[PDB]
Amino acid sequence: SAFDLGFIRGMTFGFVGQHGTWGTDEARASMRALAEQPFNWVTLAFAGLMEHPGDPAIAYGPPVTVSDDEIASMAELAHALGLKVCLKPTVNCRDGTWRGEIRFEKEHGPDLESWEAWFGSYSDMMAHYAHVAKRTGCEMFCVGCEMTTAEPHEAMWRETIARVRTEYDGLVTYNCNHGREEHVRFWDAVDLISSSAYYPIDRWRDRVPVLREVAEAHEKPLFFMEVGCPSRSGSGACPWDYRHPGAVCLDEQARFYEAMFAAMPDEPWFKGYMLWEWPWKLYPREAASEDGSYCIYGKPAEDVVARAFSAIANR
């Protein structure tokens, strides 16, 4: 039962998972550092590529992504360090279009620029990596991330998930974007509801009640498969924006984490936090004060999180 899952104190690693990058000594060192934090989970996240948001072809595997061996190598390392592992393949667009906005002028037809064709490629990709997750003992598999335009294609999502279930016996989640939790119609097909909970600092309190209602309505636990904030000025107001025009501001990131932890209640429907994110090439701690990324390492947010996560664990 998903209801039995230990509360998640997690971190996403390695995105976007470019070929060869996880096979490095730098990546192994970065994973060792991640496991020294009070985390019980890591998510191995990487992205295949679509040429454009209206092209149904998806390039995955070498030379674009980390190899299956690289995946296995990082999973084995994480497991040897006592972490549970979620595998999260997703898709990006080479022109930089958000995957939540992919669009096809046609619905059906495998050889056409259609949703049917796109789901064919996507499902091939997910089926392959579900098998990898099974062969490498990954405790969770994430079947999608922020696919807002794809979500209404419910029958096709259910087809995708059914195929994943034949290839993989562990926990399955789908990760919707913030504000989509109540709109997704196939939560029954997965084990855990999850979201990219990039809520601005001032929105947390008002949003919790809907999160509770979604979990209770669907009789499923809910967690955050992504949550985080860049350490840049003003970023707390738009935590999802990774190219925010502002100077480094460590305290802003720490303010995001305080607001989130202050808002979330200690209730059974809520299963925790998969933080965004940790790089395969980790900067020295000294260099932290100069870093504007989502990474919390070496920053005041590291302590806010440690304090919060250590309190949870040692309870």
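All residue numbers refer to positions in the sequence shown, first residue = 1.
Taking only CA atoms, the mean B-factor in the PDB entry is higher for 94-102 than for the other of 94-102 and 207-215. Higher mean CA B-factor, judged across 61-69 and 26-34 from the recorded values: 61-69. For the set 187, 157, 168, 115, the maximum C-alpha B-factor listed in the entry falls on 115. Within the selection 191, 146, 107, 182, the deposited Cα B-factor values reach their highest point at 107. In this PDB entry, residue 234 carries a Cα temperature factor that places it within the highest third of its chain's modelled residues.
Residue 76 sits in the middle third of its chain by CA B factor, as recorded in the PDB entry. In the deposited entry, the Cα temperature factor of residue 293 places it in the middle third of its chain's modelled residues. Per the PDB record, residue ranking by Cα B-factor puts residue 200 in the middle third of the chain.
Among the modelled residues of its chain, residue 11 has a C-alpha B-factor that falls in the lowest third according to the deposited record.
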